[PDB]
Amino acid sequence: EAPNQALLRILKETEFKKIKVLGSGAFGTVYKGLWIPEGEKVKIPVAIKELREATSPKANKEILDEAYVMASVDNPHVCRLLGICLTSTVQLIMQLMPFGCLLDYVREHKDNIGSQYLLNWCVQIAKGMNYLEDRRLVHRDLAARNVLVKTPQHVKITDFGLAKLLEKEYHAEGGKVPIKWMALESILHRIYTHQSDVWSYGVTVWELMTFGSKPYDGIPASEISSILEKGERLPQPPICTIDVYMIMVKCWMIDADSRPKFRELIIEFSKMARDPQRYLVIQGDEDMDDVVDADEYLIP
Ligand SMILES: */C=C/C(=O)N1CCC[C@@H](n2nc(-c3cccc4ccccc34)c3c(N)ncnc32)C1
């Protein structure tokens, strides 16, 4: 209940160039692009999200919710909005995360990812997520596909489509949901907590440790609820020492208050990132003149 004084910045269509398409799908369309704030003498590499040319009234309501949330965050491990552009087709402008999402990155680079990288990513994500806990904000769709990569050393949490600002729970109408990342209480009772986000964290860590495997690859979504009730969980990844897998399993307790808190998760993975070969066992560990990254373009 502190007042949210974040500025929403509105961008003229003239200010930014679309260079190339990064992706299209359910979301709409994403472009690599370049932004020149007028009068400023900088050039900022950006990504631009347009809706799939939809003029739908529910669709504009959706991205403006996303815009809302993105505009209200400020953390090195969380993706922030740069601006919106109120063309007939509404556009979200954010920082360009050149290496795409982390899921695709671990897959593309399996044979070259060391323990130091994996554990540092885990730490960075726990930080992002802890920042969101401080801001009383529940992600609801944490997964490896929703973590973007600025550089291989630096990743940020994103996709706030489903993200909901809080007292101590959120209750939903189903829509579509990422069932395989969801806490049990969320599947059964449509309840979402920070601690429910921890479950999703667990599964995300698991996605990284298996270099992009699909959780429950075989199983149909309908089935999941029952399995977790039985007590089955995801398997221990080959690279994982018991110390690491233990932490994943703790994220997957039935009793959500018995799960760890992101602040604790930072600590554990930090200790592990200090001596990373003790905790993960992997074969082979061993014009642009005026360009400025978004993280150096502060405006107030
Ligand atoms: C593996 C992730 C993935 O498959 N995609 C699809 C290709 C486009 C990728 N992408 N998305 C964003 C992104 C995410 C959330 C919000 C916004 C808002 C405006 C513009 C983009 C986004 C990407 C960004 N910011 N940078 C590079 N690629 C991005 C995700």
# chains A, B, ... in the order shown; residues from 1 in each chain; ligands from 1
>>> residues_near_ligand(ligand="ligand 1", cutoff="10 Å", atoms="only C-alpha atoms and all ligand atoms", output="short mmCIF file (atom, residue, chain, number, x, y, z; two decimals) with C-alpha atoms, in the first residue's frame")
data_model
loop_
_atom_site.label_atom_id
_atom_site.label_comp_id
_atom_site.auth_asym_id
_atom_site.auth_seq_id
_atom_site.Cartn_x
_atom_site.Cartn_y
_atom_site.Cartn_z
CA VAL A 21 12.10 -10.03 -36.44
CA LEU A 22 13.23 -12.15 -33.48
CA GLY A 23 10.09 -14.16 -33.13
CA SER A 24 6.36 -14.49 -33.60
CA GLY A 25 3.67 -16.74 -32.07
CA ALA A 26 0.90 -16.59 -29.43
CA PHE A 27 2.34 -13.37 -27.82
CA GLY A 28 2.28 -11.45 -31.15
CA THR A 29 5.58 -10.42 -32.82
CA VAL A 30 8.99 -9.39 -31.43
CA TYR A 31 11.53 -7.20 -33.25
CA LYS A 32 15.17 -6.38 -32.73
CA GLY A 33 15.35 -2.61 -33.04
CA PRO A 45 19.41 -1.49 -28.72
CA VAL A 46 15.82 -2.51 -28.06
CA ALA A 47 13.28 -5.20 -28.60
CA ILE A 48 9.74 -4.25 -29.61
CA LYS A 49 6.61 -6.26 -29.04
CA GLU A 50 3.62 -5.69 -31.32
CA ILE A 63 -0.27 -5.83 -23.02
CA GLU A 66 2.19 -6.27 -18.87
CA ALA A 67 3.36 -2.67 -19.45
CA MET A 70 7.27 -3.96 -16.23
CA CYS A 79 13.37 -6.93 -17.07
CA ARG A 80 12.04 -3.35 -17.03
CA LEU A 81 9.88 -1.49 -19.56
CA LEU A 82 11.49 1.35 -21.46
CA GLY A 83 8.32 2.66 -23.08
CA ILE A 84 5.09 2.18 -24.94
CA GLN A 91 3.89 -1.47 -28.94
CA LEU A 92 5.97 -2.36 -25.84
CA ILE A 93 9.62 -1.27 -26.03
CA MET A 94 12.23 -2.87 -23.76
CA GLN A 95 15.92 -3.54 -23.55
CA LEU A 96 17.34 -5.90 -26.17
CA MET A 97 18.45 -9.18 -24.60
CA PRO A 98 20.60 -10.29 -27.49
CA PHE A 99 21.12 -13.97 -26.54
CA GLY A 100 17.40 -14.71 -26.28
CA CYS A 101 15.90 -16.79 -23.53
CA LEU A 102 17.93 -19.05 -21.36
CA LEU A 103 16.08 -22.24 -22.33
CA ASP A 104 17.11 -21.85 -25.93
CA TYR A 105 20.62 -20.81 -24.81
CA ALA A 144 13.56 -21.11 -18.15
CA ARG A 145 11.82 -19.72 -21.29
CA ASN A 146 10.96 -16.59 -19.29
CA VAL A 147 14.48 -15.73 -18.24
CA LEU A 148 16.33 -13.66 -20.83
CA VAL A 149 20.03 -13.36 -21.42
CA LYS A 150 21.74 -9.97 -21.73
CA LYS A 156 17.01 -11.26 -16.13
CA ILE A 157 13.57 -12.46 -15.20
CA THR A 158 10.81 -11.50 -17.64
CA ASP A 159 7.30 -12.40 -18.93
CA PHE A 160 4.94 -10.58 -16.57
CA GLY A 161 1.79 -11.46 -18.61
#
>>> residues_around(residues="residue A:280", least_positions_apart="6", cutoff="6 Å", atoms="only C-alpha atoms", output="VMD selection string")
chain A and resid 115 239 to 241
>>> select_by_dssp(residues="stretch 152-211 of chain A", states="strand (DSSP E or B)", output="ChimeraX atom specification")
/A:154-157,164-165,171,191
>>> write_last_selection(atoms="N, CA, C and O atoms", output="PDB file, in the first residue's frame")
ATOM      1  N   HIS A 154      24.942 -12.608 -17.367  1.00  0.00           N
ATOM      2  CA  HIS A 154      23.893 -11.753 -16.786  1.00  0.00           C
ATOM      3  C   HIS A 154      22.539 -12.086 -17.359  1.00  0.00           C
ATOM      4  O   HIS A 154      22.300 -11.851 -18.524  1.00  0.00           O
ATOM      5  N   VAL A 155      21.639 -12.579 -16.529  1.00  0.00           N
ATOM      6  CA  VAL A 155      20.301 -12.948 -16.964  1.00  0.00           C
ATOM      7  C   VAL A 155      19.236 -12.208 -16.169  1.00  0.00           C
ATOM      8  O   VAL A 155      19.451 -11.842 -15.021  1.00  0.00           O
ATOM      9  N   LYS A 156      18.072 -12.017 -16.772  1.00  0.00           N
ATOM     10  CA  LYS A 156      17.006 -11.259 -16.135  1.00  0.00           C
ATOM     11  C   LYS A 156      15.722 -11.970 -16.270  1.00  0.00           C
ATOM     12  O   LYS A 156      15.437 -12.520 -17.313  1.00  0.00           O
ATOM     13  N   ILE A 157      14.938 -11.941 -15.203  1.00  0.00           N
ATOM     14  CA  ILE A 157      13.567 -12.457 -15.199  1.00  0.00           C
ATOM     15  C   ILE A 157      12.637 -11.563 -16.003  1.00  0.00           C
ATOM     16  O   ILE A 157      12.701 -10.347 -15.890  1.00  0.00           O
ATOM     17  N   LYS A 164       0.941 -10.964 -11.106  1.00  0.00           N
ATOM     18  CA  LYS A 164      -0.134 -10.364 -10.290  1.00  0.00           C
ATOM     19  C   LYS A 164       0.423  -9.778  -9.003  1.00  0.00           C
ATOM     20  O   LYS A 164       1.048 -10.484  -8.223  1.00  0.00           O
ATOM     21  N   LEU A 165       0.146  -8.490  -8.793  1.00  0.00           N
ATOM     22  CA  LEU A 165       0.529  -7.741  -7.599  1.00  0.00           C
ATOM     23  C   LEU A 165      -0.504  -8.002  -6.490  1.00  0.00           C
ATOM     24  O   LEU A 165      -1.707  -7.897  -6.716  1.00  0.00           O
ATOM     25  N   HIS A 171      -6.233 -15.875  -6.475  1.00  0.00           N
ATOM     26  CA  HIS A 171      -7.240 -16.853  -6.972  1.00  0.00           C
ATOM     27  C   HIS A 171      -7.616 -16.523  -8.400  1.00  0.00           C
ATOM     28  O   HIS A 171      -7.893 -15.369  -8.700  1.00  0.00           O
ATOM     29  N   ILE A 191      -4.367 -21.435  -6.183  1.00  0.00           N
ATOM     30  CA  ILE A 191      -3.700 -20.499  -5.269  1.00  0.00           C
ATOM     31  C   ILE A 191      -2.246 -20.252  -5.704  1.00  0.00           C
ATOM     32  O   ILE A 191      -1.520 -21.184  -6.082  1.00  0.00           O
TER      33      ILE A 191
END
>>> residues_around(residues="stretch 266-268 of chain A", least_positions_apart="2", cutoff="12 Å", atoms="only C-alpha atoms", output="VMD selection string")
chain A and resid 119 to 131 198 201 243 to 244 246 to 248 260 to 264 270 to 276 279
>>> select_by_dssp(residues="stretch 200-295 of chain A", states="helix (DSSP H, G or I)", output="PyMOL selection string")
chain A and resi 200-209+221-230+242-251+256-258+262-274+276-279+294-295
>>> closest_residue(among="A:251, A:221, A:113, A:36", to="residue A:18", atoms="only C-alpha atoms")
A:36
>>> atom_distance(atom1="atom CA of residue A:58", atom2="atom CA of residue A:85")
17.7 Å
>>> residues_around(residues="stretch 175-182 of chain A", least_positions_apart="4", cutoff="9 Å", atoms="only C-alpha atoms", output="number ranges by chain")
A: 140-143, 186-187, 196-197, 199-204, 215-216, 221-222, 224-225
>>> write_last_selection(atoms="N, CA, C and O atoms", output="compact mmCIF listing (two decimals), in the first residue's frame")
# COMPACT_ATOMS: atom_id res chain seq x y z
N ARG A 140 3.86 -15.99 -11.12
CA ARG A 140 2.90 -16.99 -11.69
C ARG A 140 3.28 -17.76 -12.96
O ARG A 140 2.57 -18.68 -13.29
N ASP A 141 4.35 -17.40 -13.66
CA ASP A 141 4.85 -18.13 -14.85
C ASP A 141 6.41 -18.19 -14.93
O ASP A 141 7.01 -17.98 -16.00
N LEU A 142 7.06 -18.47 -13.79
CA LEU A 142 8.51 -18.60 -13.78
C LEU A 142 8.95 -19.92 -14.45
O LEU A 142 8.49 -21.01 -14.08
N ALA A 143 9.84 -19.79 -15.43
CA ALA A 143 10.35 -20.90 -16.18
C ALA A 143 11.55 -20.44 -16.98
O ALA A 143 11.73 -19.28 -17.26
N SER A 186 -1.49 -24.63 -6.47
CA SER A 186 -1.95 -23.90 -7.65
C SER A 186 -2.80 -24.75 -8.59
O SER A 186 -3.81 -24.30 -9.07
N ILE A 187 -2.40 -25.99 -8.83
CA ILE A 187 -3.20 -26.88 -9.72
C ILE A 187 -4.56 -27.26 -9.10
O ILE A 187 -5.59 -27.26 -9.78
N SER A 196 4.70 -20.48 -3.94
CA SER A 196 4.33 -21.19 -5.15
C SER A 196 5.34 -20.89 -6.24
O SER A 196 5.61 -21.72 -7.08
N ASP A 197 5.84 -19.66 -6.28
CA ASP A 197 6.89 -19.29 -7.25
C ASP A 197 8.18 -20.10 -7.02
O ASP A 197 8.85 -20.49 -7.97
N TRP A 199 8.35 -23.28 -6.07
CA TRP A 199 8.17 -24.50 -6.85
C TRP A 199 8.61 -24.29 -8.28
O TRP A 199 9.41 -25.06 -8.81
N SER A 200 8.10 -23.25 -8.92
CA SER A 200 8.47 -22.96 -10.31
C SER A 200 9.95 -22.72 -10.49
O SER A 200 10.50 -23.10 -11.52
N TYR A 201 10.57 -22.10 -9.47
CA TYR A 201 12.04 -21.94 -9.38
C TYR A 201 12.74 -23.28 -9.43
O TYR A 201 13.62 -23.49 -10.26
N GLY A 202 12.33 -24.19 -8.55
CA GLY A 202 12.83 -25.58 -8.57
C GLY A 202 12.86 -26.23 -9.96
O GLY A 202 13.87 -26.80 -10.38
N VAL A 203 11.75 -26.12 -10.67
CA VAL A 203 11.58 -26.73 -11.99
C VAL A 203 12.49 -25.99 -12.96
O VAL A 203 13.05 -26.59 -13.86
N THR A 204 12.62 -24.68 -12.78
CA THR A 204 13.49 -23.87 -13.64
C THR A 204 14.94 -24.30 -13.47
O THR A 204 15.64 -24.49 -14.45
N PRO A 215 10.22 -30.97 -18.59
CA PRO A 215 9.77 -31.64 -17.36
C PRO A 215 8.59 -32.58 -17.59
O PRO A 215 7.60 -32.17 -18.16
N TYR A 216 8.74 -33.83 -17.15
CA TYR A 216 7.77 -34.89 -17.34
C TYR A 216 7.53 -35.18 -18.83
O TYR A 216 6.41 -35.44 -19.24
N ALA A 221 -0.56 -33.52 -19.31
CA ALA A 221 -0.81 -32.49 -18.29
C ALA A 221 -1.92 -32.83 -17.27
O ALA A 221 -1.81 -32.55 -16.05
N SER A 222 -3.00 -33.42 -17.78
CA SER A 222 -4.14 -33.89 -16.97
C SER A 222 -3.62 -34.74 -15.81
O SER A 222 -4.01 -34.53 -14.65
N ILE A 224 -0.58 -34.87 -14.34
CA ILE A 224 0.42 -34.31 -13.38
C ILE A 224 -0.11 -34.22 -11.94
O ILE A 224 0.51 -34.73 -11.02
N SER A 225 -1.23 -33.54 -11.75
CA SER A 225 -1.80 -33.35 -10.42
C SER A 225 -1.68 -34.62 -9.54
O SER A 225 -1.06 -34.56 -8.48
>>> closest_atom_pairs(of="stretch 69-122 of chain A", to="stretch 282-286 of chain A", cutoff="12 Å", atoms="only C-alpha atoms", output="Markdown table")
| residue | atom | partner | partner_atom | distance |
| --- | --- | --- | --- | --- |
| A:110 | CA | A:282 | CA | 10.5 |
| A:111 | CA | A:284 | CA | 8.6 |
| A:112 | CA | A:284 | CA | 8.3 |
| A:113 | CA | A:285 | CA | 8.0 |
| A:114 | CA | A:285 | CA | 5.4 |
| A:115 | CA | A:282 | CA | 7.1 |
| A:116 | CA | A:285 | CA | 8.8 |
| A:117 | CA | A:285 | CA | 10.5 |
| A:118 | CA | A:282 | CA | 10.9 |
>>> atom_distance(atom1="atom CA of residue A:237", atom2="atom CA of residue A:185")
25.0 Å
>>> closest_residue(among="A:42, A:68, A:252, A:211", to="residue A:108", atoms="only C-alpha atoms")
A:211
>>> atom_distance(atom1="atom CA of residue A:69", atom2="atom CA of residue A:183")
22.6 Å
>>> closest_residue(among="A:217, A:245, A:238, A:38", to="residue A:269", atoms="only C-alpha atoms")
A:245
>>> decode(residues="stretch 133-165 of chain A", atoms="N, CA, C and O atoms", output="PDB file, in the first residue's frame")
ATOM      1  N   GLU A 133       9.519 -10.563  -4.546  1.00  0.00           N
ATOM      2  CA  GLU A 133       8.940 -10.856  -3.219  1.00  0.00           C
ATOM      3  C   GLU A 133       8.890  -9.593  -2.375  1.00  0.00           C
ATOM      4  O   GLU A 133       7.871  -9.335  -1.746  1.00  0.00           O
ATOM      5  N   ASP A 134       9.982  -8.825  -2.362  1.00  0.00           N
ATOM      6  CA  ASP A 134      10.012  -7.524  -1.690  1.00  0.00           C
ATOM      7  C   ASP A 134       8.884  -6.600  -2.208  1.00  0.00           C
ATOM      8  O   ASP A 134       8.198  -5.941  -1.431  1.00  0.00           O
ATOM      9  N   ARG A 135       8.664  -6.617  -3.518  1.00  0.00           N
ATOM     10  CA  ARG A 135       7.677  -5.758  -4.165  1.00  0.00           C
ATOM     11  C   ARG A 135       6.309  -6.379  -4.125  1.00  0.00           C
ATOM     12  O   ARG A 135       5.401  -5.933  -4.809  1.00  0.00           O
ATOM     13  N   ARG A 136       6.165  -7.436  -3.343  1.00  0.00           N
ATOM     14  CA  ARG A 136       4.880  -8.028  -3.089  1.00  0.00           C
ATOM     15  C   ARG A 136       4.240  -8.451  -4.415  1.00  0.00           C
ATOM     16  O   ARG A 136       3.046  -8.315  -4.604  1.00  0.00           O
ATOM     17  N   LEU A 137       5.058  -9.002  -5.302  1.00  0.00           N
ATOM     18  CA  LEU A 137       4.644  -9.364  -6.648  1.00  0.00           C
ATOM     19  C   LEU A 137       4.916 -10.841  -6.978  1.00  0.00           C
ATOM     20  O   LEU A 137       6.049 -11.308  -6.871  1.00  0.00           O
ATOM     21  N   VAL A 138       3.874 -11.530  -7.428  1.00  0.00           N
ATOM     22  CA  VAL A 138       3.877 -12.935  -7.657  1.00  0.00           C
ATOM     23  C   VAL A 138       3.946 -13.175  -9.144  1.00  0.00           C
ATOM     24  O   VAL A 138       3.057 -12.799  -9.872  1.00  0.00           O
ATOM     25  N   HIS A 139       4.990 -13.869  -9.580  1.00  0.00           N
ATOM     26  CA  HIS A 139       5.287 -14.026 -10.987  1.00  0.00           C
ATOM     27  C   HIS A 139       4.239 -14.862 -11.721  1.00  0.00           C
ATOM     28  O   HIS A 139       3.819 -14.502 -12.831  1.00  0.00           O
ATOM     29  N   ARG A 140       3.858 -15.990 -11.116  1.00  0.00           N
ATOM     30  CA  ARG A 140       2.904 -16.992 -11.689  1.00  0.00           C
ATOM     31  C   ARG A 140       3.282 -17.764 -12.956  1.00  0.00           C
ATOM     32  O   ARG A 140       2.572 -18.684 -13.293  1.00  0.00           O
ATOM     33  N   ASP A 141       4.351 -17.397 -13.657  1.00  0.00           N
ATOM     34  CA  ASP A 141       4.852 -18.130 -14.852  1.00  0.00           C
ATOM     35  C   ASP A 141       6.408 -18.187 -14.925  1.00  0.00           C
ATOM     36  O   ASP A 141       7.008 -17.978 -15.997  1.00  0.00           O
ATOM     37  N   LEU A 142       7.060 -18.466 -13.787  1.00  0.00           N
ATOM     38  CA  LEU A 142       8.508 -18.604 -13.784  1.00  0.00           C
ATOM     39  C   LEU A 142       8.945 -19.917 -14.454  1.00  0.00           C
ATOM     40  O   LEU A 142       8.493 -21.006 -14.078  1.00  0.00           O
ATOM     41  N   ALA A 143       9.839 -19.788 -15.433  1.00  0.00           N
ATOM     42  CA  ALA A 143      10.354 -20.896 -16.180  1.00  0.00           C
ATOM     43  C   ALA A 143      11.553 -20.441 -16.983  1.00  0.00           C
ATOM     44  O   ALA A 143      11.729 -19.278 -17.257  1.00  0.00           O
ATOM     45  N   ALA A 144      12.343 -21.394 -17.423  1.00  0.00           N
ATOM     46  CA  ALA A 144      13.559 -21.112 -18.151  1.00  0.00           C
ATOM     47  C   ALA A 144      13.332 -20.313 -19.424  1.00  0.00           C
ATOM     48  O   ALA A 144      14.207 -19.505 -19.807  1.00  0.00           O
ATOM     49  N   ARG A 145      12.180 -20.529 -20.079  1.00  0.00           N
ATOM     50  CA  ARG A 145      11.815 -19.723 -21.290  1.00  0.00           C
ATOM     51  C   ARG A 145      11.524 -18.249 -20.982  1.00  0.00           C
ATOM     52  O   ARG A 145      11.530 -17.412 -21.881  1.00  0.00           O
ATOM     53  N   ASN A 146      11.205 -17.955 -19.728  1.00  0.00           N
ATOM     54  CA  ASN A 146      10.959 -16.589 -19.291  1.00  0.00           C
ATOM     55  C   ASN A 146      12.092 -15.911 -18.546  1.00  0.00           C
ATOM     56  O   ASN A 146      11.867 -14.967 -17.806  1.00  0.00           O
ATOM     57  N   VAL A 147      13.307 -16.391 -18.744  1.00  0.00           N
ATOM     58  CA  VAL A 147      14.485 -15.728 -18.244  1.00  0.00           C
ATOM     59  C   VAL A 147      15.249 -15.363 -19.503  1.00  0.00           C
ATOM     60  O   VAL A 147      15.522 -16.230 -20.321  1.00  0.00           O
ATOM     61  N   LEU A 148      15.589 -14.095 -19.657  1.00  0.00           N
ATOM     62  CA  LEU A 148      16.326 -13.656 -20.835  1.00  0.00           C
ATOM     63  C   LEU A 148      17.765 -13.428 -20.511  1.00  0.00           C
ATOM     64  O   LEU A 148      18.107 -13.210 -19.379  1.00  0.00           O
ATOM     65  N   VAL A 149      18.586 -13.417 -21.543  1.00  0.00           N
ATOM     66  CA  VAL A 149      20.031 -13.364 -21.416  1.00  0.00           C
ATOM     67  C   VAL A 149      20.567 -12.080 -22.083  1.00  0.00           C
ATOM     68  O   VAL A 149      20.506 -11.915 -23.321  1.00  0.00           O
ATOM     69  N   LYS A 150      21.075 -11.173 -21.258  1.00  0.00           N
ATOM     70  CA  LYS A 150      21.740  -9.965 -21.726  1.00  0.00           C
ATOM     71  C   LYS A 150      23.132 -10.338 -22.206  1.00  0.00           C
ATOM     72  O   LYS A 150      23.545  -9.979 -23.311  1.00  0.00           O
ATOM     73  N   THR A 151      23.871 -11.007 -21.342  1.00  0.00           N
ATOM     74  CA  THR A 151      25.118 -11.645 -21.712  1.00  0.00           C
ATOM     75  C   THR A 151      25.096 -12.974 -21.033  1.00  0.00           C
ATOM     76  O   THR A 151      24.274 -13.199 -20.141  1.00  0.00           O
ATOM     77  N   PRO A 152      26.025 -13.854 -21.393  1.00  0.00           N
ATOM     78  CA  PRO A 152      26.024 -15.167 -20.720  1.00  0.00           C
ATOM     79  C   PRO A 152      26.301 -15.095 -19.208  1.00  0.00           C
ATOM     80  O   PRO A 152      25.923 -15.983 -18.490  1.00  0.00           O
ATOM     81  N   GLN A 153      26.934 -14.017 -18.760  1.00  0.00           N
ATOM     82  CA  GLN A 153      27.156 -13.717 -17.373  1.00  0.00           C
ATOM     83  C   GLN A 153      25.962 -13.074 -16.644  1.00  0.00           C
ATOM     84  O   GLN A 153      25.990 -12.983 -15.417  1.00  0.00           O
ATOM     85  N   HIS A 154      24.942 -12.608 -17.367  1.00  0.00           N
ATOM     86  CA  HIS A 154      23.893 -11.753 -16.786  1.00  0.00           C
ATOM     87  C   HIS A 154      22.539 -12.086 -17.359  1.00  0.00           C
ATOM     88  O   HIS A 154      22.300 -11.851 -18.524  1.00  0.00           O
ATOM     89  N   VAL A 155      21.639 -12.579 -16.529  1.00  0.00           N
ATOM     90  CA  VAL A 155      20.301 -12.948 -16.964  1.00  0.00           C
ATOM     91  C   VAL A 155      19.236 -12.208 -16.169  1.00  0.00           C
ATOM     92  O   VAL A 155      19.451 -11.842 -15.021  1.00  0.00           O
ATOM     93  N   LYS A 156      18.072 -12.017 -16.772  1.00  0.00           N
ATOM     94  CA  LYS A 156      17.006 -11.259 -16.135  1.00  0.00           C
ATOM     95  C   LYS A 156      15.722 -11.970 -16.270  1.00  0.00           C
ATOM     96  O   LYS A 156      15.437 -12.520 -17.313  1.00  0.00           O
ATOM     97  N   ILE A 157      14.938 -11.941 -15.203  1.00  0.00           N
ATOM     98  CA  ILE A 157      13.567 -12.457 -15.199  1.00  0.00           C
ATOM     99  C   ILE A 157      12.637 -11.563 -16.003  1.00  0.00           C
ATOM    100  O   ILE A 157      12.701 -10.347 -15.890  1.00  0.00           O
ATOM    101  N   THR A 158      11.759 -12.191 -16.780  1.00  0.00           N
ATOM    102  CA  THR A 158      10.808 -11.499 -17.641  1.00  0.00           C
ATOM    103  C   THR A 158       9.465 -12.226 -17.697  1.00  0.00           C
ATOM    104  O   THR A 158       9.164 -13.034 -16.837  1.00  0.00           O
ATOM    105  N   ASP A 159       8.691 -11.914 -18.734  1.00  0.00           N
ATOM    106  CA  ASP A 159       7.299 -12.395 -18.931  1.00  0.00           C
ATOM    107  C   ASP A 159       6.418 -12.195 -17.693  1.00  0.00           C
ATOM    108  O   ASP A 159       6.219 -13.099 -16.873  1.00  0.00           O
ATOM    109  N   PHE A 160       5.882 -10.989 -17.600  1.00  0.00           N
ATOM    110  CA  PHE A 160       4.944 -10.580 -16.571  1.00  0.00           C
ATOM    111  C   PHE A 160       3.454 -10.562 -17.050  1.00  0.00           C
ATOM    112  O   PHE A 160       2.580  -9.958 -16.404  1.00  0.00           O
ATOM    113  N   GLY A 161       3.161 -11.264 -18.148  1.00  0.00           N
ATOM    114  CA  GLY A 161       1.791 -11.464 -18.610  1.00  0.00           C
ATOM    115  C   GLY A 161       0.853 -11.948 -17.519  1.00  0.00           C
ATOM    116  O   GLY A 161      -0.206 -11.377 -17.281  1.00  0.00           O
ATOM    117  N   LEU A 162       1.266 -12.990 -16.828  1.00  0.00           N
ATOM    118  CA  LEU A 162       0.438 -13.583 -15.802  1.00  0.00           C
ATOM    119  C   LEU A 162       0.700 -12.942 -14.452  1.00  0.00           C
ATOM    120  O   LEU A 162      -0.093 -13.127 -13.553  1.00  0.00           O
ATOM    121  N   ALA A 163       1.784 -12.173 -14.324  1.00  0.00           N
ATOM    122  CA  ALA A 163       2.216 -11.597 -13.039  1.00  0.00           C
ATOM    123  C   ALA A 163       1.138 -10.740 -12.414  1.00  0.00           C
ATOM    124  O   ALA A 163       0.508  -9.932 -13.107  1.00  0.00           O
ATOM    125  N   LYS A 164       0.941 -10.964 -11.106  1.00  0.00           N
ATOM    126  CA  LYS A 164      -0.134 -10.364 -10.290  1.00  0.00           C
ATOM    127  C   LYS A 164       0.423  -9.778  -9.003  1.00  0.00           C
ATOM    128  O   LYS A 164       1.048 -10.484  -8.223  1.00  0.00           O
ATOM    129  N   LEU A 165       0.146  -8.490  -8.793  1.00  0.00           N
ATOM    130  CA  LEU A 165       0.529  -7.741  -7.599  1.00  0.00           C
ATOM    131  C   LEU A 165      -0.504  -8.002  -6.490  1.00  0.00           C
ATOM    132  O   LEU A 165      -1.707  -7.897  -6.716  1.00  0.00           O
TER     133      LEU A 165
END
